[PDB]
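Only one structure is covered here, and it is reproduced in the block below.
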Amino acid sequence: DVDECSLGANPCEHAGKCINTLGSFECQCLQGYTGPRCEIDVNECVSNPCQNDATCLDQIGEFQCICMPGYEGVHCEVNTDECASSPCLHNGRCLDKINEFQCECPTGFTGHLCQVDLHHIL
Ligand SMILES: *[C@@H]1O[C@@H](C)[C@@H](O)[C@@H](O[C@@H]2O[C@H](CO)[C@@H](O)[C@H](O)[C@H]2NC(C)=O)[C@@H]1O
Ligand SMILES: [Ca+2]
Ligand SMILES: [Ca+2]
Ligand SMILES: [Ca+2]
Ligand SMILES: [Ca+2]
């Protein structure tokens with residue numbers, strides 16, 4: 001038997017661990033690498049995991065998503081609820097939009113956040 005792991009170069013790419021066998025050898029790849037000699041950098045973005053026009057970053061053994069405004073989550077799958085912080089004053093009804101909200105103000109109030117009092121005028 002030749003020990004392929006004790007020759008001039010590591011036959012395993014991308015710093016994989018070479019393990020000798022009788023008649024051959026095997027490679028124990030680092031996370032994110034595949035192939036008999038760990039030749040391939042797995043594309044973690046190949047199944048399109050980043051949603052809603054997010055940018056997928058193909059990294060070593062992982063992906064990361066960069067979300068379009070108004071989206072969040074690991075897959076950018078969550079439409080951020082802009083009504084969460086109760087931005088509408090005076091019990092205004094809050095409507096969630098994309099990276100935005102709308103306030104439906106009660107009688108006598110107006111403005112994006114229902115700030116303006118009109119009760120005194122009438
Ligand atoms: C990575 O981050 C994303 C949030 C986007 O800004 C990406 O650019 C945008 O790509 C989408 C499709 O994925 C496209 O709809 C847009 O035209 C494009 N540019 C902008 C400025 O939105 C970015 O690569
Ligand atoms: Ca061998
Ligand atoms: Ca990768
Ligand atoms: Ca929203
Ligand atoms: Ca606004």
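Both backbone and side-chain heavy atoms feed into the values below; hydrogens, waters and symmetry mates do not. Counting starts at 1 for both ligands and their atoms, in listed order. This chain uses plain numbering: 1 for the first residue, then up along the sequence.
Not one N/O/S atom of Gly23, from backbone or side chain, sits under 3.0 Å from the Ca ion (ligand 2). Using a cut-off of 3.0 Å, one finds that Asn99 contributes no N/O/S atom close to the Ca ion (ligand 4). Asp96 lies close to the Ca ion (ligand 4), since one of its N, O or S atoms is found at a distance under 3.0 Å. Taking backbone and side-chain atoms together, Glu4 has an N/O/S atom less than 3.0 Å away from the Ca ion (ligand 2).
Taking CD of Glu72 as the reference point, atom SG of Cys65 lies at 13.0 Å (rounded to 0.5 Å). Residue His75 holds its NE2 atom at 3.5 Å from CZ of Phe63, rounded to the nearest 0.5 Å.
Protein heavy atoms come within 4.0 Å of atom 7 (C) of ligand 1. Within the 4.0 Å cut-off (strictly below), a protein heavy atom is located near atom 3 (C) of ligand 1. Within 4.0 Å of atom 12 (C) of ligand 1, at least one protein heavy atom is present. For atom 17 (O) of ligand 1, the protein comes within 4.0 Å by no heavy atom at all. At a distance under 4.0 Å, a protein heavy atom can be found next to atom 23 (C) of ligand 1.
Taking the Ca ion (ligand 4) as the corner point, the angle from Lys97 atom O to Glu82 atom OE1 is about 80° (rounded to 10 degrees). For the pair O of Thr21 and O of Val2, the angle at the Ca ion (ligand 2) is about 150°; rounding is to 10 degrees.
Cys pair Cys103 and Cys88 passes the test of SG atoms under 2.5 Å apart. Taken as a pair, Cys29 and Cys38 meet the criterion of an SG-SG distance shorter than 2.5 angstrom. Sulfur atoms SG of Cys50 and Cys45 are positioned 2.5 Å or more apart.
Open room surrounds CD1 on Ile60; 12 or fewer heavy atoms of other groups in view lie less than 6.0 Å from it. A 6.0 Å sphere centred on CG of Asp96 holds more than 12 heavy atoms belonging to other residues, nucleotides or ligands. Within a 6.0 Å sphere centred on CD of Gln31, other residues, nucleotides and ligands contribute 12 heavy atoms or fewer.
Distance from atom 5 (C) of ligand 1 to its nearest protein heavy atom, with residue and atom name: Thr55 OG1, 3.5 Å. Here the heavy atom of the protein found nearest to atom 14 (C) of ligand 1 is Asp53 OD1, 4.9 Å.
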**Message:** Please evaluate residues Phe101 and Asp81 with respect to the criterion side-chain contact (heavy atoms from CB on, under 4.5 Å), reporting the C-alpha separation (whole Å), side-chain torsions for both, the decisive distance (0.1 Å), and the verdict.
**Reply:** CA-CA 9 Å; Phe101 59 90; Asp81 181 11; over 6 Å; no
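When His14, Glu13, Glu39 are each tested for a side chain to side chain contact (heavy atoms under 4.5 Å, CB included) with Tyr33, only one passes: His14.
When you scan the N, O or S atoms of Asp1 for the one nearest the Ca ion (ligand 2), you land on OD1.
Taking a cut-off of under 4.0 Å to the non-hydrogen atoms of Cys67, the atoms of ligand 1 that pass are 4 (C).
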